[PDB]
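run.cif (mmCIF, C-alpha atoms)
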```
data_query
loop_
_atom_site.label_atom_id
_atom_site.label_comp_id
_atom_site.auth_asym_id
_atom_site.auth_seq_id
_atom_site.Cartn_x
_atom_site.Cartn_y
_atom_site.Cartn_z
CA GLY J 1 27.58 20.20 1.38
CA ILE J 2 30.01 20.02 4.26
CA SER J 3 26.86 20.24 6.41
CA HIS J 4 25.40 17.08 4.84
CA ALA J 5 28.69 15.10 4.85
CA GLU J 6 29.08 16.13 8.50
CA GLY J 7 25.62 14.68 9.09
CA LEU J 8 23.66 17.86 9.74
CA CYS J 9 20.46 18.06 7.72
CA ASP J 10 17.64 20.33 6.63
CA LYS J 11 14.97 18.89 8.96
CA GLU J 12 12.47 20.50 6.60
CA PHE J 13 13.86 18.71 3.56
CA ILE J 14 11.88 15.48 3.94
CA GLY J 15 8.54 17.30 3.85
CA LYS J 16 9.70 19.64 1.11
CA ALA J 17 11.00 16.82 -1.13
CA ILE J 18 7.71 14.95 -0.68
CA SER J 19 5.45 17.93 -1.47
CA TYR J 20 7.43 18.54 -4.66
CA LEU J 21 7.49 14.96 -5.88
CA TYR J 22 3.77 14.86 -5.26
CA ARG J 23 3.19 17.99 -7.34
CA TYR J 24 5.53 16.94 -10.12
CA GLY J 25 3.77 13.60 -10.04
CA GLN J 26 0.38 15.27 -10.46
CA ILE J 27 1.64 17.13 -13.48
CA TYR J 28 3.30 14.10 -15.08
CA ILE J 29 0.36 11.81 -14.36
CA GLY J 30 -2.04 14.57 -15.37
CA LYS J 31 -0.73 14.82 -18.89
CA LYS J 32 -0.73 11.08 -19.38
CA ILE J 33 -4.33 10.68 -18.26
CA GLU J 34 -5.89 13.65 -20.13
CA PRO J 35 -6.50 11.44 -23.19
CA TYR J 36 -8.95 9.43 -21.06
CA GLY J 37 -10.64 12.65 -20.00
CA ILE J 38 -9.49 12.17 -16.40
CA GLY J 39 -8.05 14.77 -14.04
CA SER J 40 -5.16 13.99 -11.70
CA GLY J 41 -7.60 14.59 -8.86
CA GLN J 42 -9.52 11.46 -9.89
CA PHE J 43 -6.50 9.22 -10.31
CA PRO J 44 -6.09 8.31 -6.60
CA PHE J 45 -9.78 7.14 -6.36
CA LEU J 46 -9.56 5.13 -9.56
CA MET J 47 -6.34 3.47 -8.27
CA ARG J 48 -8.04 2.62 -4.98
CA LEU J 49 -11.05 1.00 -6.66
CA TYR J 50 -8.59 -1.27 -8.53
CA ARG J 51 -7.44 -2.51 -5.14
CA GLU J 52 -10.81 -2.59 -3.37
CA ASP J 53 -13.89 -2.21 -5.56
CA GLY J 54 -17.40 -1.59 -4.27
CA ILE J 55 -16.15 0.56 -1.41
CA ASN J 56 -18.32 3.10 0.42
CA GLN J 57 -17.69 6.67 -0.74
CA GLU J 58 -17.11 7.84 2.81
CA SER J 59 -14.53 5.06 3.29
CA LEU J 60 -12.77 6.28 0.12
CA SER J 61 -12.70 9.71 1.70
CA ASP J 62 -11.24 8.54 5.04
CA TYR J 63 -8.62 6.17 3.55
CA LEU J 64 -7.29 8.62 0.98
CA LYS J 65 -7.70 11.41 3.49
CA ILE J 66 -9.30 13.58 0.83
CA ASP J 67 -12.25 15.69 2.06
CA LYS J 68 -15.90 14.81 1.43
CA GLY J 69 -16.48 17.71 -0.94
CA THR J 70 -13.36 17.05 -2.98
CA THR J 71 -14.28 13.34 -2.95
CA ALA J 72 -17.81 14.10 -4.17
CA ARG J 73 -16.53 16.12 -7.15
CA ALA J 74 -13.91 13.54 -8.03
CA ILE J 75 -16.36 10.63 -7.91
CA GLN J 76 -18.91 12.65 -9.80
CA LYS J 77 -16.52 13.29 -12.73
CA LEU J 78 -15.55 9.63 -12.74
CA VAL J 79 -19.26 8.83 -13.02
CA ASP J 80 -19.86 11.37 -15.79
CA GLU J 81 -16.90 10.00 -17.72
CA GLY J 82 -18.47 6.56 -17.32
CA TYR J 83 -15.69 4.92 -15.30
CA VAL J 84 -17.61 4.25 -12.12
CA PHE J 85 -21.12 3.98 -10.84
CA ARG J 86 -22.71 4.51 -7.45
CA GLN J 87 -25.07 2.19 -5.63
CA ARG J 88 -27.03 3.00 -2.50
CA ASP J 89 -26.93 0.09 -0.06
CA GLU J 90 -29.30 -0.68 2.85
CA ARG J 91 -28.15 6.91 3.06
CA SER J 92 -24.59 6.92 1.69
CA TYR J 93 -23.19 5.31 -1.49
CA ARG J 94 -20.96 2.44 -2.63
CA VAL J 95 -18.76 3.02 -5.67
CA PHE J 96 -17.95 0.41 -8.27
CA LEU J 97 -15.88 0.29 -11.45
CA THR J 98 -17.83 0.01 -14.69
CA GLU J 99 -16.53 -2.15 -17.54
CA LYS J 100 -15.03 0.95 -19.16
CA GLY J 101 -13.24 1.60 -15.85
CA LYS J 102 -12.04 -1.99 -15.50
CA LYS J 103 -10.55 -2.01 -18.99
CA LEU J 104 -8.65 1.18 -18.14
CA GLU J 105 -6.53 -0.49 -15.44
CA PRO J 106 -3.56 -1.74 -17.53
CA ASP J 107 -3.18 1.82 -18.83
CA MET J 108 -3.37 3.44 -15.37
CA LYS J 109 -0.97 1.00 -13.74
CA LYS J 110 1.45 1.50 -16.65
CA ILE J 111 1.33 5.29 -16.32
CA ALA J 112 2.10 4.93 -12.58
CA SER J 113 5.04 2.73 -13.53
CA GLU J 114 6.56 5.15 -15.98
CA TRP J 115 6.44 7.73 -13.26
CA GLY J 116 8.17 5.47 -10.70
CA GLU J 117 10.66 4.63 -13.42
CA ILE J 118 11.50 8.24 -13.87
CA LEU J 119 11.90 8.55 -10.11
CA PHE J 120 14.20 5.52 -9.74
CA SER J 121 16.61 6.41 -12.54
CA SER J 122 20.12 5.52 -11.32
CA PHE J 123 18.87 3.16 -8.59
CA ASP J 124 19.51 -0.59 -8.82
CA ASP J 125 17.18 -3.26 -7.47
CA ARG J 126 18.51 -3.39 -3.92
CA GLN J 127 18.28 0.40 -3.79
CA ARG J 128 14.77 0.65 -5.21
CA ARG J 129 13.81 -1.97 -2.68
CA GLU J 130 15.00 -0.31 0.50
CA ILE J 131 13.74 3.15 -0.43
CA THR J 132 10.29 1.66 -1.07
CA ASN J 133 10.65 -0.14 2.21
CA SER J 134 11.63 3.13 3.98
CA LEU J 135 8.70 4.98 2.43
CA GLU J 136 6.38 2.26 3.77
CA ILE J 137 7.65 2.71 7.31
CA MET J 138 7.60 6.48 7.07
CA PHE J 139 3.95 6.26 6.25
CA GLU J 140 3.12 3.94 9.16
CA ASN J 141 4.93 6.46 11.34
CA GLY J 142 2.53 9.14 10.21
CA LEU J 143 -0.47 6.83 10.26
CA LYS J 144 0.14 6.02 13.93
CA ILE J 145 -0.36 9.59 15.11
CA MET J 146 -2.97 10.67 12.52
CA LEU D 1 2.10 -4.30 -6.10
CA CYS D 2 5.12 -3.17 -8.18
CA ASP D 3 7.87 -0.90 -6.72
CA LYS D 4 7.67 1.60 -9.58
CA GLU D 5 3.89 1.86 -9.13
CA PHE D 6 3.90 1.99 -5.38
CA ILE D 7 6.44 4.79 -5.04
CA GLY D 8 3.87 7.22 -6.48
CA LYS D 9 1.21 6.05 -4.02
CA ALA D 10 3.59 6.20 -1.02
CA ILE D 11 4.53 9.79 -1.90
CA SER D 12 0.87 10.80 -2.39
CA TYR D 13 -0.19 9.37 0.96
CA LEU D 14 2.75 11.01 2.82
CA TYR D 15 1.83 14.30 1.14
CA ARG D 16 -1.84 14.16 2.11
CA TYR D 17 -0.98 13.04 5.61
CA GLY D 18 1.45 15.95 5.86
CA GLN D 19 -1.17 18.53 4.84
CA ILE D 20 -3.67 17.25 7.43
CA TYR D 21 -0.91 17.36 10.06
CA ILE D 22 0.55 20.77 9.11
CA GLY D 23 -3.06 21.85 8.67
CA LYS D 24 -3.94 21.17 12.29
CA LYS D 25 -0.74 22.70 13.75
CA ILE D 26 -1.24 26.00 11.89
CA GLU D 27 -4.95 26.32 12.53
CA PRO D 28 -4.43 28.63 15.51
CA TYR D 29 -2.89 31.19 13.08
CA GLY D 30 -5.96 31.00 10.84
CA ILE D 31 -3.87 29.49 8.05
CA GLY D 32 -4.87 26.73 5.67
CA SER D 33 -2.53 23.92 4.67
CA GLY D 34 -2.84 25.08 1.08
CA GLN D 35 -1.24 28.45 1.88
CA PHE D 36 1.57 26.87 3.89
CA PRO D 37 3.88 26.12 0.93
CA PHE D 38 3.58 29.70 -0.38
CA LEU D 39 4.52 31.03 3.04
CA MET D 40 7.55 28.71 3.14
CA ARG D 41 8.92 29.75 -0.29
CA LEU D 42 8.55 33.43 0.78
CA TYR D 43 10.78 32.71 3.75
CA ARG D 44 13.48 31.86 1.26
CA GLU D 45 12.71 34.68 -1.17
CA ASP D 46 10.60 37.74 -0.19
CA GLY D 47 9.01 40.04 -2.75
CA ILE D 48 8.67 37.62 -5.65
CA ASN D 49 6.43 37.92 -8.66
CA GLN D 50 3.28 35.91 -8.11
CA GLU D 51 3.63 33.77 -11.22
CA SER D 52 7.19 32.93 -10.18
CA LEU D 53 5.72 31.45 -6.98
CA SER D 54 3.32 29.58 -9.17
CA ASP D 55 6.04 28.33 -11.54
CA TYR D 56 8.46 27.27 -8.78
CA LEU D 57 5.91 25.44 -6.60
CA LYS D 58 4.29 24.05 -9.71
CA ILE D 59 0.88 24.93 -8.29
CA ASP D 60 -1.33 26.48 -11.00
CA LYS D 61 -2.48 30.12 -11.21
CA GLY D 62 -5.96 29.92 -9.74
CA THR D 63 -4.85 27.82 -6.79
CA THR D 64 -2.05 30.34 -6.24
CA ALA D 65 -4.32 33.37 -6.53
CA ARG D 66 -6.81 32.03 -3.99
CA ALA D 67 -4.04 31.07 -1.51
CA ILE D 68 -2.30 34.43 -1.85
CA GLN D 69 -5.65 36.17 -1.46
CA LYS D 70 -6.25 34.36 1.81
CA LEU D 71 -2.81 35.14 3.18
CA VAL D 72 -3.52 38.78 2.42
CA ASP D 73 -6.89 38.66 4.15
CA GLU D 74 -5.17 36.93 7.07
CA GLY D 75 -2.57 39.76 7.21
CA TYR D 76 0.53 37.63 6.49
CA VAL D 77 1.44 39.01 3.07
CA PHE D 78 0.72 42.06 0.98
CA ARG D 79 0.99 42.61 -2.79
CA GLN D 80 2.63 45.43 -4.77
CA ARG D 81 1.95 45.83 -8.54
CA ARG D 82 -0.78 41.80 -14.25
CA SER D 83 2.42 41.64 -12.22
CA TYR D 84 2.29 41.48 -8.46
CA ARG D 85 5.16 40.84 -6.15
CA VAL D 86 4.15 39.21 -2.85
CA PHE D 87 5.83 40.29 0.37
CA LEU D 88 5.64 39.21 3.97
CA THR D 89 4.06 41.57 6.43
CA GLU D 90 5.72 41.85 9.82
CA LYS D 91 3.14 39.46 11.21
CA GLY D 92 4.05 37.04 8.46
CA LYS D 93 7.77 37.45 9.23
CA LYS D 94 7.17 36.73 12.91
CA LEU D 95 5.55 33.35 12.18
CA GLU D 96 8.67 31.95 10.52
CA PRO D 97 10.29 30.25 13.51
CA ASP D 98 6.95 28.56 14.30
CA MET D 99 6.33 27.51 10.69
CA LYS D 100 9.82 25.98 10.46
CA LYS D 101 9.40 24.17 13.80
CA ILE D 102 6.11 22.70 12.66
CA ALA D 103 7.55 21.50 9.36
CA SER D 104 10.54 20.03 11.12
CA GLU D 105 8.19 18.31 13.59
CA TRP D 106 6.53 16.51 10.69
CA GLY D 107 9.98 15.45 9.49
CA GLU D 108 10.92 14.05 12.89
CA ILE D 109 7.71 12.03 13.00
CA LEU D 110 8.43 10.49 9.60
CA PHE D 111 11.98 9.58 10.63
CA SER D 112 11.11 8.66 14.21
CA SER D 113 11.89 4.96 13.95
CA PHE D 114 15.08 5.12 11.84
CA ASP D 115 18.69 4.91 12.95
CA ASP D 116 21.12 7.60 11.77
CA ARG D 117 22.30 5.56 8.74
CA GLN D 118 18.79 4.83 7.46
CA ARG D 119 17.98 8.55 7.74
CA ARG D 120 21.01 9.52 5.65
CA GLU D 121 20.37 6.95 2.91
CA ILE D 122 16.71 8.01 2.77
CA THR D 123 17.52 11.70 2.46
CA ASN D 124 20.15 11.04 -0.16
CA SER D 125 17.66 8.97 -2.12
CA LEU D 126 14.93 11.63 -1.88
CA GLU D 127 17.31 14.28 -3.25
CA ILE D 128 18.08 12.04 -6.21
CA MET D 129 14.41 11.33 -6.80
CA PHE D 130 13.58 14.99 -6.38
CA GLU D 131 16.08 15.91 -9.11
CA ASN D 132 14.98 13.06 -11.39
CA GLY D 133 11.42 14.37 -11.37
CA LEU D 134 12.49 17.99 -11.67
CA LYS D 135 14.24 17.21 -14.96
CA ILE D 136 11.00 15.84 -16.44
CA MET D 137 9.17 19.14 -15.85
#
```
Output the file's structure in the form of structure tokens.
Amino acid sequence: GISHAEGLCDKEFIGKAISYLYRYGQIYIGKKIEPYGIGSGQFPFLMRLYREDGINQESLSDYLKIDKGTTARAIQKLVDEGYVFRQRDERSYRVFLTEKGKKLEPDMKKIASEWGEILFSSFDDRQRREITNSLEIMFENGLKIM
Amino acid sequence: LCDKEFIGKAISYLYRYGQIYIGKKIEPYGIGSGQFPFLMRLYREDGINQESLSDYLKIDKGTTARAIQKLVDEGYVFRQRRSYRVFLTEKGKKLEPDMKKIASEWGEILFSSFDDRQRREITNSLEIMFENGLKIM
């Protein structure tokens, strides 16, 4: 309290805060997506396909930095739920949204919003903006040395 | 891409990048990145009921059981009696300075390009966000 006003900081706090927000996020998102029969482990893949559809399953793995075996199980449940399909292309597989998956998008993006909204409570626009900006740089700082 | 939507994604990517990073730094101790958070909480509070670890970290029971079981196999924790309290072994206790250095090294990397004032605003903001999300649990 005097330590923080004096400038000193828990150099562990950044990583701790992030791990917790992530886990809280997975719980909050998790409950909201259950009704679509989707686990919070599948959400990140679905959200990626909405940006870049028809991506190779290995690419999905490397970008999200989720392992091949976790990736395989996630994509498999997404297929069994009928939200995506796989296509072998002239070995490995490319994954695509089905119509069912495409029509889900407004719901997914809205769920992600309600979560951000919960996180930003008490922040105004300038403040939301520069924290999102700082989170972008923090990530590129990791990404450099990854 | 909306700010509200993207803050989730940014946090998720930082998390996963953190685990891969921590994961590599702690590999010489035979520790997985999944057990790391349990070890850290024990540094704050030794001899806690296992479900209390689970509740606090908000990692579910199976994930917790497997992680604890590995830390026991690895010799870093033991259990005493279901209701088990988990304690650090001496070998677990010795690792603490290294674990804290490694976590703080990840922090430094994330903040590497910021001036002092950006670091303070960021931290302050994270605390607020942290509490906002804690209330919703």
Inset, instruction - Using all atoms listed in the file, find which residues of chain D lie within 9 Å of chain J and jot them down as a ChimeraX atom specification. - result: /D:2-18,20-21,37,57-59,100-101,103-114,116,118,120-123,125-134,136-137
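The smallest atom-to-atom distance between residue 38 (chain D) and any of D:95, D:102, D:22, D:67, using all atoms listed in the file, is found for D:67.
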Legend entry - Nearby residues (only C-alpha atoms) at most 9 Å from residue 38 (chain J), same-chain spacing under 4 positions excluded, as a list in words: residues 30, 33, 34, 42, 43, 77, 78 and 81 of chain J
Legend entry - One-decimal distance in Å that lies between CA of residue 80 (chain J) and CA of residue 37 (chain J): 10.2 Å
Inset, instruction - Using only C-alpha atoms, find all polymer residues with an atom at most 8 Å away from the point (-22.1, 3.8, -13.9); report them as a list in words. - result: residues 79, 82, 83, 84, 85, 86, 96, 97 and 98 of chain J
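Closest approach to residue 71 (chain J) among J:45, J:99, J:31, J:91 is made by J:45 (distances from all atoms listed in the file).
In this structure, CA of residue 74 (chain D) sits 16.6 Å away from CA of residue 24 (chain D).
In this structure, CA of residue 78 (chain D) sits 10.2 Å away from CA of residue 90 (chain D).
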Legend entry - Top pick for closest residue to residue 95 (chain J), considering J:3, J:40, J:56, J:70 and counting only C-alpha atoms: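 Answer, going by the shortest atom-to-atom distance: J:56.
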Legend entry - Exercise: residue 51 (chain D) partners within 12 Å, only C-alpha atoms, chain neighbours under 4 positions left out, as a ChimeraX atom specification: /D:38,47,55-65,68,82-86
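Using all atoms listed in the file, the smallest distance between any of J:41, J:88, J:104, J:50 and residue 76 (chain J) comes from J:41.
For the residues D:34, D:75, D:28, D:23, ranking by smallest atom-to-atom distance to residue 93 (chain D) using only C-alpha atoms places D:75 first.
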Legend entry - Minimum-distance residue to residue 98 (chain D), chosen among D:1, D:71, D:48, D:39 (using only C-alpha atoms):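 Of the candidates, the smallest distance to residue 98 (chain D) is held by D:39.
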Axis-aligned box for region 33-36 of chain J, 4 Å per side, centre and edges in Å as lines of an AutoDock Vina configuration file:
```
center_x = -6.6
center_y = 11.5
center_z = -20.7
size_x = 12.6
size_y = 12.2
size_z = 12.9
```
